[PDB]
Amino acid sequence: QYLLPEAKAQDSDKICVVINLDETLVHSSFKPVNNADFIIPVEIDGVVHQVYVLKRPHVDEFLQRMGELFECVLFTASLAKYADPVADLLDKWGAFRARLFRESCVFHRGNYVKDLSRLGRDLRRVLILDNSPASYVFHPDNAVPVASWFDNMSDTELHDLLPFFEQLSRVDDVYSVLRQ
């Protein structure tokens, strides 16, 4: 069946927004970095590796606002043993109603696709914020593209997107504004 259960009472009337993790909200690496925001131990083949995570500028303000404007859902092509701890440390305000990982993506011709139709929401009221266009090849008309982030601390894309999301949260059909 569907990836998500019915939307909770207070969320039922909100637009559902799937938010990507890597290169969208944070950037991680196995190469030690002094200014990492999070260091997370990830076990692979019995060996514990340390992953250094950097937060994208304004992500906290971004997640807090989005959390109250939409029914936010984390959808990533990364493994839970990596992404679950990051989301635990990152999402302080419980903006994420659900979290979906690699196993929930559809592997289609070399790419892990975020197939929005498996979500179980009315696509007229669903949006995806992902840095990789290949992620939403099945629903390019629900996409609110955002540039890939790695470490540019001068980035302000998340901050500047809020006005747009503020407007979308009001419409009753995202296609009406996203062309479809």
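When you see a residue number, it is the position in the sequence shown, counting from 1.
Between 91-99 and 75-83 (mean CA B-factor, as deposited), the higher: Comparing 91-99 with 75-83, the higher average CA B-factor belongs to 91-99.
Mean temperature factor over C-alpha atoms, higher-scoring stretch between 29-37 and 149-157: According to the entry, 149-157 carries the higher average C-alpha B-factor.
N142 CA temperature factor, ranked by third within the chain: Within its chain, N142 is a highest-third residue by C-alpha B-factor, going by the deposited values.
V171 CA temperature factor, ranked by third within the chain: Highest third of the chain for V171's C-alpha B-factor.
CA B-factor placement of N111, once the chain's modelled residues are sorted into thirds: For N111, whose C-alpha B-factor we compare with every modelled residue in the chain, the answer is the highest third.
For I19, the third of its chain into which the C-alpha B factor falls: Answer is lowest: the recorded C-alpha B-factor places it there.
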